[PDB]
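We begin with a single chain expressed as structure tokens, specifically the form deposited without the partner chain.
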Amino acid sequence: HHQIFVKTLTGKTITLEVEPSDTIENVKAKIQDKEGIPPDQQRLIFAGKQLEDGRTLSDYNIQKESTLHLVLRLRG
């Protein structure tokens, strides 16, 4: 396991403990636990990609102390 950072555009950093084989789905569930944001409303971005729920941290080459951007799904 290692840490990653999840950063909002309000300048807030969420630090998560994760494993390489964790899926984005699993990560969004953690973010829900920390910030109460429903996974269906979370958009995570890394390497300019909108990350897919079924892929893993390793799939995206996310590593120790990598940062992911977190923004909300734009409604309306």
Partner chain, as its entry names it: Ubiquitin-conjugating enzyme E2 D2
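Shifts are known only where both forms have a C-alpha. For the two forms, the rigid core is made up of the largest set of C-alpha atoms that agree within 1.5 Å on superposition. Positions refer to the first chain, counted from 1.
Of the two stretches examined, 63-71 and 10-18, the record assigns the greater average C-alpha temperature factor to 10-18. 25-33 and 39-47 differ in mean CA B-factor, and the higher of the two is recorded for 25-33.
A second form of this protein, the form solved in complex with the partner chain, is not displayed here; the remarks below concern that form.
In the bound PDB entry, the partner chain lies within 4.5 angstroms of at least one heavy atom of each of the following residues of 21-57: 43, 45, 47, 48, 49, 50, in sequence order. Residue showing a CA shift of 2 Å or more between the shown form and the other one (rigid core superposed; candidates 63, 10, 21, 13): 10. Taking the core as reference, several blocks of three or more adjacent residues between the shown form and the other one have all their Cα positions offset by 2 Å or more: 8-11, 74-76.
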